[PDB]
Every structure is written in structure tokens, then in C-alpha cells.
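Structure at a glance
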Amino acid sequence: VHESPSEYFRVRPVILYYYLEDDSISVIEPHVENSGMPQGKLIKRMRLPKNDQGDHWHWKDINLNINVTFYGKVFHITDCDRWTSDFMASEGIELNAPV
Amino acid sequence: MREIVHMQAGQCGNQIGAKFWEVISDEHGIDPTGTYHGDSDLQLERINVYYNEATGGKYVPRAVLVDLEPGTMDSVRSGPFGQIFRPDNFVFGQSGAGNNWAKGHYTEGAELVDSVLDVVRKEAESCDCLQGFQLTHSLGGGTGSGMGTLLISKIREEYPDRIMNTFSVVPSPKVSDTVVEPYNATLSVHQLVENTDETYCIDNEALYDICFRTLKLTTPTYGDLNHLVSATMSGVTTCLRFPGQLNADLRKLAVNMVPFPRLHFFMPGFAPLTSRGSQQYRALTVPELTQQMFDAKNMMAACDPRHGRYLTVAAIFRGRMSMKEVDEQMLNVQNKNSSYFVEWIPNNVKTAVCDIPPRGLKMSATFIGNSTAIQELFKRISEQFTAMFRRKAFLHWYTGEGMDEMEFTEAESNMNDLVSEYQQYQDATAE
Amino acid sequence: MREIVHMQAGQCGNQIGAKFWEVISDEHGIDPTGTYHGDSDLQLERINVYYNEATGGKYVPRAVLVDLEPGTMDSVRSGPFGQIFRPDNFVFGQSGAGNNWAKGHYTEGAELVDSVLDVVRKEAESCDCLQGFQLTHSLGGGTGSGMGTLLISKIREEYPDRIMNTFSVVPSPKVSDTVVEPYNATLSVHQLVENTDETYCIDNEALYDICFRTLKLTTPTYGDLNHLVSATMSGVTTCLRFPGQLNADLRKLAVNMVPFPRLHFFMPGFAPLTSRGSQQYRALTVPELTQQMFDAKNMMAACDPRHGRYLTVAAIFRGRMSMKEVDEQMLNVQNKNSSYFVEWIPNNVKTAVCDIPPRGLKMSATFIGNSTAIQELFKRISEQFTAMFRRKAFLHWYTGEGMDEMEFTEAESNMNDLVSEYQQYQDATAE
Amino acid sequence: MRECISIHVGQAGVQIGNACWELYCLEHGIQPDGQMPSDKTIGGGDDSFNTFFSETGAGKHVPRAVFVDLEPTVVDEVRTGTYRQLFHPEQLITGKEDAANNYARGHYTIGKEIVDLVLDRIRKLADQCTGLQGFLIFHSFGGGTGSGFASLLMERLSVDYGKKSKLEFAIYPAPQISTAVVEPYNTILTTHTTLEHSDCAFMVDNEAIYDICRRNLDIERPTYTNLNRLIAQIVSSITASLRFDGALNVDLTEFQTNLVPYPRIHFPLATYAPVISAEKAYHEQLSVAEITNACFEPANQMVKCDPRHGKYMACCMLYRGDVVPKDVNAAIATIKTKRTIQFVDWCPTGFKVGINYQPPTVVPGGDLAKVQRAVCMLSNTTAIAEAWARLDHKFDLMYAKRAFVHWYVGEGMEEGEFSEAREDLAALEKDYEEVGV
Amino acid sequence: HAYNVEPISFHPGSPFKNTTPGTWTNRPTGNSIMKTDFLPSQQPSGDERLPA
Amino acid sequence: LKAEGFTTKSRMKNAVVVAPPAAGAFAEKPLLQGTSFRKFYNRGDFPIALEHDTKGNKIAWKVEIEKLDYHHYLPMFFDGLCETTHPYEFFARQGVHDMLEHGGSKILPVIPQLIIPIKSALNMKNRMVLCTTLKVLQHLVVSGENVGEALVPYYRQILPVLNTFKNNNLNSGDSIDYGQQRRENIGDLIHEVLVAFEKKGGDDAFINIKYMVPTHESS
Ligand SMILES: Nc1nc2c(ncn2[C@@H]2O[C@H](COP(=O)(O)OP(=O)(O)OP(=O)(O)O)[C@@H](O)[C@H]2O)c(=O)[nH]1
Ligand SMILES: Nc1nc2c(ncn2[C@@H]2O[C@H](COP(=O)(O)OP(=O)(O)O)[C@@H](O)[C@H]2O)c(=O)[nH]1
Ligand SMILES: Nc1nc2c(ncn2[C@@H]2O[C@H](COP(=O)(O)OP(=O)(O)O)[C@@H](O)[C@H]2O)c(=O)[nH]1
Ligand SMILES: [Mg+2]
């Protein structure tokens, strides 16, 4: 954040949603109180690209402590859900610890 | 330094504007975060036409977004290049005027016109110089046509000399898609004749035909349709953003293509359009772009440009090219298809060459034709309107929000008068 | 800058033309992708005869593929040098030809004819000379016969002065593999004799004989058959492409082999053609090439030239050789077999020598022979036609598809007049 | 002490100036930053730049010229170019709005806010000199800035500096090729308002240079740089007699006394014809007779207004290089013996010869080659009446239906001015007819 | 199935990660004709070869 | 070779293109169904009759012209101008020309209604109806008081055909025009409609008149 008397940087909480039906990703914001900023969807459900070669973000390369770039925004993942961890361990990911 | 402020109204207008601010951000090297990850200084020298400097490095678009459904604002913010826009310039109502011209023009939508005029005034006063006002909307919806016509009327009576272009997704019957669509189109064209400085009529049916026949493309969706629309929106105003040889801005296009103060309903066209497989099996040359412009296949208006005569046709070429090749090709087009051009105008072609092509293409061009074949679209909309208005179907709404049948008769008769004027200047003799 | 446009119609035509374009590509140093991986400057000195420039320095052949059944395009794209063709030139129908001349001529081939003429005009406008057209087809099917003859008629109507050569494949009573071959060949040679500048009659029986006795080859197959036909097709235009001491193009050959207008049915011939065990016993000189040209077993058509009179003989010699040796080998064969040459035309051999031999071939020679012995094929097809036309067998398909018995009778009558003209110029005397 | 002030009005004028000042710097040895190389030299003398430049004392050769365009784009790309340091920043004058192919916007509303500053810079450049030769104005008949602002500045210059000579290097519209739509309107209006304030107006046609570049230089894809370099060669050949030295000479004042018969007829043609490339420059003798014959060939005219339809009045014949004063006499004699080239009966003495010994200057990356001799002809012919007649017919076709008149009428320009321009053009029409008969 | 690639050049979408500078791109922006043609020349230094 | 334009067939060294079909902006447009003057008259009402005369006729009114309702009768008297199967044409045009001269202030309020019948008659382009309609327009503006100023909003909608047919006079040299009595010259009648508009209009009339017809200029 530039030119503000209250902070010089901000952290906006983010919940990702990976839909396995079509390998799509939607980002959502949990609407924190008194934020004063328009919170809401911030990226709807689509197939988000991964490389410049046309590859898209799959679930085979999404883990606990990683950075994922979507549209110039570099989100960093913190923790999973219980069903998601069970499914990911069933498919064979290592699930390298919540942060 | 010339600035244009851009506006999108309705769901179709907002989607077209989102694709437009994706396409020209790709042209100008703008990150969806907002930063300049560009390569050339010419990419930044005239970025102020559509953008505005934000302290920190961001480039805020000079765009104003209008609807009465907040879901449209949520969708355009959650689209790609969605965080680009400033959230103040997201003025919306709550009722959802939603395919009702009366609701979008006289009732509760008209409680939003003062606020959108305030925000447009604020965005317009922060300019050293001003060219005009850009609008994207569809004529078959309540917010696109109702608040669209109201906004054009208000901004025209406030700023009388700054020019104004609207991009007018005009209805087609083969896509149908809305019952009160002829009513909305007839009530919008009445104001667009008198208020709008220049307008481009665009048909979704013609876009679908282009995607099916020239682009193959299997499934085109609305992304590709809005991408062709955004391409021909970006190609018109490339002389205001990139230098080169002989160039024409929006006012030059209006002056050289409007012979009489009402014949300003144009026909867009963008023509390095080829399929994915037949892309490298091509040699981009000025004669084959001239091929692809002067073809009934590649026109984004579902009316054939052969049941009528071209009044004025302008082409904005883009690429490092030969002016002899440009003039020779279009002069050859005039001489050989001399029957399809009006003979009381000796040269019916305006050329504007900008040497900086869109990224990825060596060569491109944008077609804008002022044909007398727009009377086909206007006659088909008028005949649908009089078919519905002979039995007064779907009129209890539009008289419940407080209009009169005299307004409908006046709008129908004005569109008929415009059709008669196009017919007169089509069939007018040499001397 | 003399360019000739290739058309390949039917399964036989497409399979011959795929081998022809493979031979042309690895003679001009073109990979399957299209990039010039050649060595000499002569490979690009006259590349515009068969190839068109694209972006990235890639050469696309100036050919169109025509068929009704779509699987032959899949076969062509399956073949090597299949991706080099432009995808817009793949003009294919959807239903089947039906091995029916009426179906290929008066119906759905006649509905695809507008699109194939559109792409032919598109590929012919990209020329500065447009020396002529070549067409590859067979007189056994519906697309090869009927659609090919319709293409010939439309091209003759459009460009009347340019030359047309068709490498037509004629049926044989020994090969057959079709019961409507007499009907198809009789109906197609009627259009061939009146709208083609020059045509080459290739017989599958003669191709198999060349593959079995001059080549001693165990399984010949259509690949080697089309290899021989493609070598002939290259050799007739290597004087156009590569430089040489004596130059003879298609118009040169047409004026030196056509005494009377409906006498343009030639039989071709290629030399050298040797087996594996005959490579040792091979004196690589001009006389064996001359003898293998003039031998009756080496003819590419089933006709025995000893049962007739050689009107004219054209000899296209590719390679490094003399002029005295070539002229004396053309002289001595006339002087000894003066009985097989017409006595009312002196010195009736045309001789051209191109300095460039084909790749992997030290010397080569294309024989073209206009003789009166060609009438054996027309006699065979005419009597096979009338044997099954006396009882109107298989005629219900054609008549219900839309032809006339008057048309059948007139085609047979024109064939008989062609045979009678060949006979009268066979037995005509000098004084 | 001689000085020529250059004014470059419009995009065409500014690009032609970008060509011609490059040519001037190359032929005088001035580097793009402004200084002489000071380690090498090309040799012209200490004073063979003063017609177009000035010395600041430090060694900065700031040039002349009043580069002006209403739109910012071309002026700022010139400012961000190779010759950024050469030009004085106050010389390059620009605005914000564009005249947008409107004579009314160039002459009545948008121009008048910048006329005063352009005139002040012109006054400063005129005070900076000692003896002013003339005003070299580069523009197009075209539309908007080059049509309206040029005429307004012409009126102001006629009011202020009445006796100084004016040259009007102008891009005249082609017969068949055209770019703008209201180009006939702008052409007729700028002709009407330059008739009483011009001194001599040179015509250049883009289509004719296109065909000349195709035929002679053998280029099938020429851009505007390939045309503006030829126009640079024209202006250099015209005003090289002021800068360099030689035989029988000419300054800007003889170009109106030996070329303008009546004070209406001041539109000579331009014909440079050693237009040859390096492929065929040394394989033929470029003798005086050959180049003058090729200059009187009608295919080498840069107007495409074929002189066999009319008669020549005067021909200012400028020679540049190894030209012999008897060879030029022999060439003119053997062409006056020809009967295809026709002269009017009241002008037997129809030539004005001027010879310089300076060879022509090539541009690196240019299309022309190094030649020993060059010829530039300024021919005032009666054949241009057919070009006036064609533009008259175009004006009649547009003005009969009153097409594109609402812009001019609604922003300035009372309606009678269109008929004024049309009537003055028709007066010029049968003025040409009466001086031809 | 509601979002495809662009129909003009058919270039795939990008994640817009700026890990590489903006000059390193496969679709660069074009250059002006006056900049490409009007270029600073090179003076004859003197220590060249003698021409024939 | 015949070809349709803007294609490879259109660009050949021997091909000619087909001319576009005319839209018919100078042709007649006869009615597919009769007006409300053939439905309301032979049904009854309309207190008018012929009294016979030679020039034309005269309309005998069985009620007072000045007292009858112009809000009812007048706009649907103008509906009878668009036909020709006449006993009706005299009943239309002379009814117009009588009620107008013998009205008064009552013409001005019904003017906003008095547009759709007029324009519909104008958008038929019959050469004998159109002159009658123009002669009606020359009498509307002169008929009442402050009447040529209420038409100023509707200069938009009474002038789309006068633009088309203002150049409809004849180039007949020094031949005597004997059709001067029966005033049926459209290209002239349009001119005296326009100068009457300028004379009996307001002051912002001319900006709209030039907005409509491009080649009109101040009287
Ligand atoms: N020879 C030559 N002619 C040019 C060049 N640039 C423009 N023109 C001519 O100028 C004509 C257009 O009028 P312009 O003088 O360019 O108009 P403008 O100066 O841009 O003024 P506005 O139209 O108001 O923007 C074209 O028809 C060209 O023939 C150039 O670089 N060289
Ligand atoms: N080209 C294009 N047309 C659209 C799009 N979305 C809707 N439309 C068209 O717009 C019409 C409906 O207009 P709408 O946007 O609902 O107007 P509104 O109700 O006032 O918001 C439909 O007939 C669609 O064909 C889009 O994304 N692109
Ligand atoms: N030499 C040669 N002959 C072929 C080839 N393919 C087919 N033919 C002959 O062509 C005849 C069939 O014609 P066809 O191609 O089916 O005609 P279509 O049905 O119109 O496509 C058969 O009798 C074959 O002998 C080939 O690759 N080479
Ligand atoms: Mg300009």
C-alpha cells in the first residue's frame, strides 16, 4: 500500500476453490469487517492458465506451502480442508504441512 | 494530449468493455495488477488517451461502468483484468432494469443518471484536452438502451462540441433472444440519430457467421465475439495512441465519413481474420487485407453490403507498409466495383496508416463503412416493431412506467424517415 | 515467372498428385514442413512455378485437392509431404461419388463446383504470368471423370487462352476393377476432346507391365505406379523450371504435337527404368535412353505404337549430354522406322534438353508420342460402351440421376468421329 | 548573409522537412547533434550553411524552420528522433487538437490560437538574420492543418513582410489516387486563399512519384520516406545556387520573374530526372543531352498532368554537377527543334538556365545513386488546367448535393465562401484558357 | 466451455508472471518508420582501406 | 463474365459486375388498404355534399364550418389526401382548403396531431397527390394565427420527401410552360412551401430547415 497513514502493506484473506468437475479455480474473499475496500469474488470460476505455453493450473501441482500465480497475483497457500487433504493423500500428494 | 473517457452500460456493454480493457491493456503492456510490464517507450508515450496515472505505478482506466444489476459489477470485477478498474467507477442500481426501456429511461434507472453524470464529470474535468465520449451498449436491453440513450442525451447537452461514439450492438432476428427487443431498438435509435456523433452498428448474428465461416472456430462463445468487437474498437483509435504515417483520429473519421448530419450509422470490420490451421499458410499483404475488408463475409453487421451503395468507407491500416500499395489497392476497388459506390462523390475512401501493428500480427486493418444497406436492418427492426405495435402487445409495461403511444409512433416514424433518407441518397442520380 | 496451377481430382488423382508433389519437393529441396533445406540456387531460381511464398520463408504448393468422399484427404494428410499443402485448398464434399459420372457432373459435385472455382480463382490471382493449368484424374470414377470434366469446362470458360494439360488415367479391359468404366470413360473423353489443350493417356495395364518387365518388381503397387506417372509429370515441365540449352514449355509442346485440334491425346514414356539385376549391364549413355524411350513395351499407355503411325514425337532430355548425339539419336530412329512415322510430316520429332537432371538420376528422358495407335483405347471403350448400351444395362442410374440417352448417343458418336479422324490421318497419303 | 526561412505546415510538411533537413545536414557535414565533426571535414567553405543555419558562437549549428502541426504526434516523434539535439525546442511548435481534415478548423477556430506564437517565432528567426531571401513553405493542399493554417499564416506573412519572396512547395492531390474525402474542398479553399498571397507555388504529386519510383528506381513498395527524399532533392536543387557556387546562378527572386507570366499563373511543375538507382548508374553515360531529354519526357514529370495536352510558358532549367555551359545550350537547342514539346507563341525565349558545379548529395540508405550531373526543371505549363478542371468537377459533384458542407458551415465559414472559391477557380480556369489561346 | 483463446492470433493466455523483463517477449511491439529509416550515419574515419 | 461484386469473380481481366438493385426512393407506393376516408364516409356522417360547378365543384356544408370540431374532423379529413379513386379527392382537398380558411385559432391546438396524415401522404410519392399535399402545406401556415411556429418541432417530419423531389423540374429550354395554371410542379411547389415556412415561421426555423434540406438558403 502506498501513501497511507494506517499501513504500508496489507494482507487480504483468500479462500481458493478447485472444482474437480472441470478442473476450474475460483478465488473468494471472506468479507472481513470494516475493511473499507470492495471485497467479493475477485476471480470467478474458470480454467486459470499456468504457463505461457497454454498449460493450465491442475490439482497435481497444488500443495500446502507454495506460490501460485493467477493473473499477475501471486497467492501463497497456507492450509487445506479435511476432505481435501484426504482426497489429495488418496490421489498421492505428500501434503507438506500447513503453515 | 487528447483523452477519451470510456463508458459501458448493460450486461453486453460491460462484457464488451471488459474484453476491450483486456485487449488494449495487452496492446499497451498493462499487467492485470495494473503495472507497466512493457518493452517500448512508444507503448507509454500515448498511454494517457485511455489510462490515468495512479501514484505507485498503477494505470487506472478512464472507464465508467453502469448497470442496475450488481451481479454484473461482481462479474466484471471477477473477470480477468477485473482489478484494473477503479471501484468508484462502478456505479450501479439495485432494481435490475433488465430489458425494459421505460424502466431504464424514466423510472428508477433515472435516479442513477445524476450520480453517473457526476462521476463522468469528475473523470472528464481531469483532462488538459478532450476528444469525446466512448460508449458500449446493446440496443436490445433496458439498461443498454434506456440509460444509454439518457446518458448520451445528458452528455451531449452538457458537452456540445466534444465528439461521441457509441458501438451499438443492434438487434438481429435470426438470434432473436428477447421479445421486447424490437421495442428497445426502436426507442433507442430515435435518440441515437439525433444525439450520437458517430455510431457503429454491430450484429451478433454477423459475428457468429464470421466465426463459423471465416474463423471455423467450432465453438465461438461470447469471448471471441467480444474479442472481434474489441479489436475493431481498438483499431479505430490507434492513430490517437500510436504514431506513424498518414493518420486519422476520431474527429477526422467523423468529418470524412459523415456527409449529412444524420447519416452516421456505420459498419465495422476487422480483417486479418483466419483460422488456427490456416495461419502460417498465409502471406500478409495489402491486397489480401483489401480482399478481406471488401467482402460481404467479413462484415460485423447482418446486412449484405450489395443491396445498396457505399457512401464513405474508411480503412485504418496498421503495420510498416507501402502507401502506394494502399492507395493502389483501394483505388482499384473503387474502379472495379464502381457500381457499389455513390458516383456523386468522386473518392469514397479514407485511408489512415499507423505503422505500429497489434502485438503478434505483422499486419492488420480496420474497416468502417457507411453503406446505404443499413436500411435493411432498420427496415427489419421497423417491421418487427409494427408487427408488435399493430396489436399493442407488451405495451402495458411501457405505459405503466409512464410513456405514451405517441412516443412509440414518433420513434417508428423517425426511423422510417431515416430509412427514406438512406434510400434517397442511395438512389440519387449522378447530377 | 510462368506459373501453372495444379488440380488433383479423385482418389487416383490425389494419390498421383501426392507422389508428384513429393517428387517436386525433394527435387526443389523442400522438407515436409515447407522450409527450404536445399543447397543450390537453381532450386529457388524458379520456385514460383509450383510454389507460393508465405510468412517465415515457407513454400506452399499451388495445388487444389478435389474429391467428394472425404477419406482421401485423410489419406493425403497421412502420407508424407501431407502437411505442406494449404488447408484451404482441401476442397472436399461429404457424400460419395458413387462411381457415377452423372452424380459427379450434374449433382453434388456440381454443388461443390462453386467452392472449387472460388479457390482456383484465389490461387490463380496470385500469379503474374499464369502459364496454364494441369489436372490429374482418372476416367473410371465420378470425381475423376465427371467432376474433373466439369472443372475442365469451367476453367475453359473462365480462362480461355491459357493452356490446360490433363494427365488422365484411362481404363483397361485387363485391369478393370469397375463395371461402369466404359460409361464413365465414354462420357469423360467427350468433354476431354473439346476443352483440353493437351492430355496424356496413362493406363494401369501399361503401368503394371512397366513395373513387371522393365523393372522386374515383385509387388508393384500404386505407390510405384504413381511414382512413374509423377516422374513423367515432372519431366514435362522441367524445361519450365530449370534452365537448359533447349527450352520447350507446355505451349511449345502443344504447338509441336497437335496438327489438328481434336488430336491432342498423347501417350507418355519415361527412361531410364532398370531392375536390380540390370544395373551392372547398363551403359549409361544417350542411346539406351533413346531406345528405351522408343521401345513399344516402355509406353505408359496400353497401345502398341507399331500398330499405327507416329504423327509427332517429343523428347525432353534432362541431364548433361550433347546436341549432336541427341539429334543423331532422334535422326536414326526416324530413318530406320520410317514406316511407323507419317510420310506427310517430315522431321516430326521435337527435341528439348534441360541441363539439370533430377536428383539421384544422372540422365533422364521424357517421351511423349502423338500417334494414331492411341485409337485402340477409344475403340475398346466405345465397343464396351455399346455392348452394355444395346440393352440399356446400368443406364437407369444415369437416367434417374438426370442425364439423357441422347447425351449418351452423342458422346458415343463423338468418340467414333475421333476414332475415324485418327484412322483417316493414319491411312492418309502424301501425294 | 543570405538566409531562407523554412516553415513546415502539416504532417506532410513536417515529414518532408525531416527528409530535407537530413539531406542538408548530410550535404553540409553537420552532425545530428548540431556540431561539425571537428576531426574530419567535407569542405564547403566557412559560409556555405548560412542560408539555412546560424552560428551560436560555441559551434552549435541550430537550423531554421518553424515546424508546426496542430496534432502533437508527428512533432513529438521528431523531438524523440535522431535530430532531437539539432532543432531549437521553441522551433517545433505544436498544439493539442487536430484540424481533422477541415479547412474551417485550420483557418477559423483551431489555428488562430497558435498563429500568434508561430508568427512570434517567425519574427524572431527573421530578426536573427541580416538579409532574408525568402520563405520556403512546405505543405500539402490536403486538408486541415496544411490547407487552412498554411493559408492563414500566408495571409499574416503577406500583411507583415510584403516584399519578401515566398515558395509554396505543396503536395497537390493526385487525379485518381486520393486519401481524404473532403480533399477537393480543402484544395479549392486553399487555392482561393493562396492566390492573392502566393509568390510561387510548386506542385508535387504522390502518384506520379509512385510511378517514377516504380519505373526508374525499380521499387514496387515505396513509402512516404522514398517520396520525401525526392522532394528533398527538389528543394536542394532549387536553393543550392544560394549555398554553393558555380556558373550562371539564380536566387529565389528570379524564380518569380522568369517563371510567373501573370499574377495568377504561379504553379510550375517539378521534374528531377537523373532518377536512377545504383544498379544502373554507372552502366550509362549521364550526359547533359540525355538527362535534359529524360527531363522533358512526360513520364518523368512528378505531377502526372501530361504536358502534351497544353503548351509550355517558361522552364527554369537548373543543372547541378559537371555541366558544361555549351552542352546545356546544345540540349536546349535540340529540344526546341522538337515539335512534340510545344511553347506558347508569345514566349520564344522560354528558358531560364542556372548551373552549379556542386554534385548531388546522396543519402545513406536512400534509393538514388551518386551521379555526376542533375537536372531540376520548373516548368509552368498550360497543361495544369486539366488538373484544375478535374478538381473543379470533383468540387461540383460534391457541392451540388451539399455533401460535407455542414461541418464547414457550422464551425465558421459563411456559406458564400465555397462559391467564392469555386468562382475564383473558374476564373483561373478560363484565365489559363485565354493565356493558352 | 465459456472461455476460449483469442480468435485473432490464437495466442494462449498468460499468467502474467513478471519473472523475466518485458523486453524478453515473443510478441514485441513494432517500431516507427521514421525511426527505422532516418538513422544516424557513420562518418569516414580515415583509417579505412584504399578503394579501387 | 457476369459477376457479383467484391470477390475473386469481381476482380478479373474480363469480368463485369452486376449493378445493385435500386431501393425505389423516386417511385410510387400505392396503398394495400384504403384510408379511414373510405370507411367513415360511405358509412355515413361527414355533413358535406357536392354543389356542382365547372372549375372543380364546391362543398356544401350542412353545418357551420366555424363551429364544428377541428379536433375531430380535421386530422381525419387529412387522411383522405392519400388516395385516388375519386369522388373522394375533391371532398378531401376542398374540405381542407375550406375548413382552413374558415377556421381561426382552432387549427393551432390540433397541429401536434396534424402530422401522421401529412407524412403518410408524403411517403407515397404520387405525382398528383403530392402537389395537392404541398398546396395544403402552403395554406396551413397562412391559415391561422401563430401556426407556422408550432410546426418548427415537426420540420423534422414534414420534410423528408421535399428533400428528395425538390429537383423535379424540367430542362425544357425556351418552350412555353402551359402547365403553369394547373400548379403541379413539385420542384417549384417545394420552394414556395419552404419560403412560406421561412416567412411565417419564428426565428430558429432556418437552422432546422438547413438541417433537413441541405441546399436551402435564406429568403
Ligand atoms: N509526399 C508526401 N505526402 C504526404 C506525406 N504525409 C502526408 N502527405 C499528403 O498529405 C495528404 C493529407 O493531408 P495532410 O497534409 O497530411 O493533413 P494534415 O497535415 O495531417 O492535417 P490534418 O488532416 O488536419 O490532420 C495526403 O493525401 C498525402 O498525399 C508525406 O510524408 N510525404
Ligand atoms: N456480443 C455480445 N452480446 C451479448 C453479450 N451478452 C449479451 N449479449 C446480447 O445482448 C442482448 C441482451 O442485452 P442485455 O445485455 O441483457 O441488455 P440489458 O438487459 O439492458 O442489460 C442479448 O440478445 C445478447 O445477444 C456478450 O457478452 N457479447
Ligand atoms: N496408377 C494408379 N491408379 C489408381 C490409383 N488409385 C486408383 N487408381 C485407378 O483408378 C480407378 C478408380 O478411380 P477412383 O479414384 O476411385 O475415381 P473416383 O471414385 O471418382 O475417386 C481404379 O480402377 C484404379 O485402377 C493410384 O494410386 N495409381
Ligand atoms: Mg495531421
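The scheme used for residues numbers each chain from 1 in its written sequence order. That scheme is not guaranteed to match the entry numbering, and residues without coordinates are omitted from view. Chains carry letters and ligands carry numbers; both start at the beginning, A for chains and 1 for ligands, and go up in the order they are written. As shown, the structure covers only some chains of a larger assembly, and all values describe those chains. Think of the side-chain values as coming from all heavy atoms in the structure, minus any hydrogens and water. Residues with missing side-chain atoms are left out of burial classes, side-chain pairs and their counts.

Structure determination for this entry is recorded as cryo-EM, at 3.3 Å resolution.

**Brief notes about the sheet that holds strand β9 (residues 269-272) of chain D**
Residue and element names in this part refer to chain D. In plain terms, the rule: Strand pairing is assigned whenever DSSP identifies at least 2 bridges connecting the two strands. Helix and strand assignments come from DSSP, with helices taken as H or I runs of at least 4 residues and strands as E runs of at least 2, each series counted from the N terminus. Helix axes are fitted only over the stretch in contact, all axes being lines through C-alpha atoms; the angle between N-to-C directions runs from 0 to 180 degrees. Any two residues whose heavy atoms approach within 4.5 Å at even a single point are treated as in contact.
Within the open sheet, the four strands sit side by side as β9-β12-β10-β11. Their pairing is mixed. Single-partner strands in this sheet number two, and they are β9 and β11 (351-356). The mean angle between the axes of side-by-side strands here comes to 15 degrees, regardless of whether they run parallel or antiparallel. As paired elements, strand β10 (residues 312-321) and strand β12 (residues 373-381) share nine bridges and run antiparallel to each other. Looking at β12, one finds that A314 is bridged to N380. Here helix α8 (residues 224-243) sits on the sheet and contacts β9, β10, β11 and β12; the angle it forms with β10, its principal contact strand, is near 80 degrees.

**Thoughts on the environment of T107 of chain B**
All names here are of chain B. This is how it is decided: For this analysis, a polar contact is any N or O atom pair within 3.5 Å, provided that within protein one partner can donate a hydrogen and the other can accept it, and provided that sequence-adjacent residues contribute only side-chain to side-chain pairs.
Assignment of secondary structure puts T107 in the loop between α4 (101-105) and α5 (113-125). Sequence separation between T107 and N347 is 240 residues; the distance between their C-alpha atoms is 48 Å. The residues contacting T107, other than those within four sequence positions of it, are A102 and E401. A distance of 3.4 Å separates a polar side-chain atom of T107 from the backbone oxygen of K103.

**Comments concerning the packing of aromatic side chains**
The following threshold applies: In summary, the pairing rule links any two rings of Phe, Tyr or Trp, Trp by its six-membered ring, whose centres are within 6.5 Å, and it sorts them by plane angle into stacked for under 30 degrees, edge-to-face for over 60 and tilted for everything else. To sort residues, take the accessible area from a 1.4 Å probe on protein chains only and compare it with the maximum for the residue type: under 20% means buried, over 50% means exposed, and anything in between is partly exposed. Should the NZ of a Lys or the CZ of an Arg lie within 6 Å of a ring centre and within 35 degrees of the ring normal, that charge is described as sitting over the ring.
Evaluated as defined, the whole model comprises 100 aromatic pairs over all chains. Taking 6.0 Å as the distance between ring centres and 35 degrees as the angle between the ring planes, the aromatic pair formed by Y200 of chain B and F266 of chain B counts as tilted. On the criterion of sequence distance, the pair formed by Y200 of chain B in strand β8 (residues 198-200) and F266 of chain B in strand β9 (residues 265-270) is long-range, its members being 66 residues apart. Judged by its relative accessible area of 1%, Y200 of chain B falls in the buried class. Seen in terms of ring centroids, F265 of chain C and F378 of chain C are 5.1 Å apart; in terms of plane orientation they differ by 85 degrees. Their pairing is edge-to-face. Of this pair, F265 of chain C sits in strand β9 (residues 265-271) while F378 of chain C sits in helix α14 (residues 375-389), and the two are 113 residues apart along the sequence. Residues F265 of chain C and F378 of chain C agree in their burial class; the two are buried. Here a set of aromatic residues connected by ring pairs shows up, and it is made of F37, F40, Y41, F46, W61, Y73, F77, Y88, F90 and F91 of chain F. The ring of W57 of chain A carries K50 of chain A above its face, with NZ or CZ at 5.9 Å from the centroid.

**Structural notes on the arrangement of the chains**
There are nine pairs of chains in contact here, and the one with the most contacts is chains B and D. Note that chain A does not reach chain C: the shortest distance linking a C-alpha of one to a C-alpha of the other is 20 Å.

**Concerning the interface of chain A and chain B**
Quick note on the threshold: The term buried area denotes the loss of accessible surface (1.4 Å probe radius) that occurs when two parts are joined, taken as the sum for both partners. Take a side-chain nitrogen of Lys or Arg and a carboxyl oxygen of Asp or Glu: if they are within 4 Å of each other, that pair is a salt bridge.
Taken together, the contact pairs 11 residues of chain A with 12 residues of chain B. Both faces considered, chain A and chain B share a buried interface measuring about 970 Å² in area, 62% of it formed by carbon and sulfur atoms. A per-residue breakdown of the area chain A buries against chain B is headed by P38, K44 and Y71 of chain A, which together make up 46% of the total. Along the contact surface separating chain A from chain B lie zero salt bridges.

**Section: helix α12 (residues 385-400) of chain D**
Residues and elements named next belong to chain D. We apply this condition: Here the expected length of a helix is defined as 1.5 Å per residue gap, with one fewer gap than residues.
Counted at 1.5 Å a residue, the expected span for α12 with its 16 residues is 22 Å, and the 22 Å between its end C-alpha atoms agrees. Among the residues of α12, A385, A387, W388, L391, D392, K394, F395, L397, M398 and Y399 are the ones counted as buried. Buried residues along α12 sit in contact with α6 (183-195), β8 (203-204) and α14 (416-436). A positive phi of about 55 degrees marks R402, the residue just after α12.

**Regarding the site of ligand 3**
Residue and element names in this part refer to chain C. Stated formally: Each residue is tested against the molecule or strand, and it is near if at least one of its non-hydrogen atoms lies within 4 Å. For the accessible areas, the method is Shrake-Rupley and the probe is 1.4 Å, while residue cover comes only from the protein chains on display.
What surrounds ligand 3 is a group of 17 residues, the closest being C12, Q15, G142, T143 and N226. Between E181 and ligand 3, the recorded distance is 3.4 Å, taken from a side-chain N or O atom to an oxygen atom. Between ligand 3 and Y222, the relevant distance is 3.5 Å, taken from an oxygen atom to a side-chain nitrogen or oxygen of the residue. Contact with the protein chains removes 89% of the 580 Å² of surface that ligand 3 exposes when unbound. Elements represented by at least two residues in the shell around ligand 3 include exactly α1 (10-27), α6 (143-158), α8 (204-214) and α9 (221-235). For the shell around ligand 3, the element with the most residues is α1, which contributes four residues.

**Description of the packing of helix α5 (residues 145-160) of chain D against α6 of chain D**
Residues and elements named next belong to chain D. For the record, the criterion: Oblique is the label for every angle not falling under 35 degrees (roughly parallel), over 145 degrees (roughly antiparallel), or within 65 to 115 degrees (roughly perpendicular). Three residue categories are used. Nonpolar comprises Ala, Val, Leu, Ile, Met, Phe, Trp, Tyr, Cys and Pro, charged comprises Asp, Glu, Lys and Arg, and polar comprises the others, including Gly.
The N-to-C vectors of α5 and α6 enclose an angle of 5 degrees; their axes lie 9 Å apart at closest approach. Our classification of the angle between α5 and α6 gives roughly parallel. Facing α5, whose interface residues are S147, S151 and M154, α6 presents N186, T190, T193 and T194. Partitioned by chemical class, the residues of the contact of α5 with α6 number one nonpolar, six polar and no charged.

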